Each structure stands twice: as structure tokens, then as C-alpha cells.
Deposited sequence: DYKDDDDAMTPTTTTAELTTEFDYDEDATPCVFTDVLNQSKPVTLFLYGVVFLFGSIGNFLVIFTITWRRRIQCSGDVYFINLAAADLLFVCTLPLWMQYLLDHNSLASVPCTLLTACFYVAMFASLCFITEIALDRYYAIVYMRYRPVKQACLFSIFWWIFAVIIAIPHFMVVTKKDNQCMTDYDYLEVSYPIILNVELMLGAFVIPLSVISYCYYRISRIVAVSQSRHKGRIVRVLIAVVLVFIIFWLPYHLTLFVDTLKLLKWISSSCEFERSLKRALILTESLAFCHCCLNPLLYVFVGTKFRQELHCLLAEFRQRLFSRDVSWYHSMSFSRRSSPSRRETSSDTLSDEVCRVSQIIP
């Protein structure tokens, strides 16, 4: 019972400094993300119908991104001052994981088609899309089911939960949202690129560059967040020490890098759909017919 070091570590200034940055990026992601993902769905549905299995996954990817960014104006209203905590958190993670699920499904569908010559009809792709959405919900369960509304604030009662829960929650998020998806799309697109590069395709050059971009963009937008989660998990795991100042730097880093990763769903329209000439020409026709 020495003159106790039980002094609270305050984060009041960090939150006040991070709020304007977070609010800004939220508005940016919602603006371009809703427009870009609408144009995706609009291009593959309006004039021409769904042709291949890729079109099915593109729409589902754009739909997942739409559901994600549409929660941001709700969170912005939350930061500024019915706002359902559990439900809004649910749509936040379900749309996030589904976005990562279909992205993974893009590579797989194009993997089995190129090297193993296994093609999927539209009818089957719709069935798999259902499975992924279901899988995205059951994997989001431990992220929103603990979230409730107390004193008009969305909170997670860590006292009524085990100490291992925030650790498991981080580990699942790290391997589930980064490691596994990045590992799959890298292996798939490496195999694909290595076949096309030696083929006699007259577009073999651009195909590889497109697939490389998918991997590069994913890393430069998600890696800073998960690498910050790793050192945060290390703190919880008591593997490293943590002073008051360290927890403040880690707090700010988690907030900033998280908002950075939200920009990736705005780039998805540029990574898959509007990178193809057919969708480029189609949009050019649509924008001309509506003007």
C-alpha cells in the first residue's frame, strides 16, 4: 500500500484529436463508396443481365460494400452526440467479413477456372453466394452479440466475459480478415499469372498487372491495421510491457489505421469491375444515354 501507482491513464485528448479525422474519412468513404458500388451494380444489371459467375460475385461484393459504408453515417451521428448498438455493429461486421469472403471467392472462382478448367454456371454461383453470406454472419457472431446499449453508449461488458475474449477476438480478426484472405488470393493469382504470362493471350500483360494490383492494394490498406492489432494483442497477452504513454500511442494508431482500411471498399469497384473494358464501355454508354 505504497503511494499507489494506481493512477488512471487518460485518453481524453487522443479521442478529441482523432474524432475530426475519423468523421472526415467516414464521410469520404460513404460518398465514393456508395457511388462506386452503385455504378458496379448498375452496370451489370441495367442494360445487360448477369452473364458469368464473376458477375454474381461482383454484385455481392458491391452489395457488401454498400451495406458497410451505409453504417458510417449512423456512426457519424453517434460520434457527434434510434441508434441500435447490437444491430448496427452486426451490419458493420457482417458486411465487412462478407466483403472479404467474396473477394476471396473472386480468386477461387478464377483459380479453378483457369488452371483446373472448372467453370461455374450462374445458378451455382448464386448458391455459393448464399453460403458465404451465411458464413459471414456466423463468423461475425462473437463481434456484435456481446455488444449492447448501456447509458446510451455502445459497450462490451468485459467483466461478465472471460479475459481471453478480447484476445481471441483479435486473433480471429487477424487471421480471418487478413492472413487467410491474403494467403488465398496471393496463391491463386500467382498460379494464374504464371500460366497466362506464358500463354498466347493477347491481353496476358494487363491481366497479370490487374491481379498484382489486387494484392498490393489489399496490403497497403489492411496491413497497417492488422499489424497494429498484433502489437495490441501482444499487450493483452502480457508478452510486452505497456506504460500509460504506450497505450495512448497504440490507441491512436488503432483508430487511425482502422479508418484507413475502410477506404479499401471504395477501391473494390476499380479493382474488379471497371478495370475490364466491357464494363468500361458499358458505363460509357450508360452515362451517354442518361445525358
**OP:** May I ask you to mark the stretches of the deposited sequence that the structure leaves without C-alpha coordinates?
**Re:** 1 to 22, 104 to 108, 319 to 362
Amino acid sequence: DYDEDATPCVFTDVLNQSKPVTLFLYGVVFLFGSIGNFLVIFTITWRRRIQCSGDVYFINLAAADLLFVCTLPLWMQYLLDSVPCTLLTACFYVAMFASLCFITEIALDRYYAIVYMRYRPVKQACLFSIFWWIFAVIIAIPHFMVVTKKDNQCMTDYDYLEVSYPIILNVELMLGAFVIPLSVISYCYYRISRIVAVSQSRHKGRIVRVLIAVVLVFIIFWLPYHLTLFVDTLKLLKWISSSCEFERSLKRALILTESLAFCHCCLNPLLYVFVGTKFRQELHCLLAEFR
From here on, numbers count along this sequence of modelled residues.
**OP:** Read off the CA B-factors in the entry, average them over 2 to 10 and over 282 to 290, and name the higher stretch.
**Re:** 2 to 10
Original post:
Which is higher in the entry, the mean Cα B factor of 67 to 75 or that of 83 to 91?
Top reply: 83 to 91
Subject >> C-alpha B-factor winner, where the candidates are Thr43, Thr233, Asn37, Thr257 >> reply: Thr233
Original post:
In the PDB entry, which of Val147, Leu216, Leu173, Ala136 has its C-alpha at the highest B-factor?
Top reply: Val147
**OP:** Would you please rank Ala261 by its C-alpha temperature factor against the other modelled residues of its chain and give the third it falls in: lowest, middle or highest?
**Re:** lowest
Subject >> Assigned third (lowest, middle, highest) for the C-alpha B factor of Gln51 >> reply: highest
Original post:
When the modelled residues of the chain are sorted by Cα temperature factor, does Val28 land in the lowest, middle or highest third?
Top reply: middle
Original post:
Among the chain's modelled residues, which third holds the C-alpha B-factor of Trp239?
Top reply: highest
**OP:** Would you mind checking where the Cα B-factor of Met155 ranks among the modelled residues of its chain, as the lowest, middle or highest third?
**Re:** highest
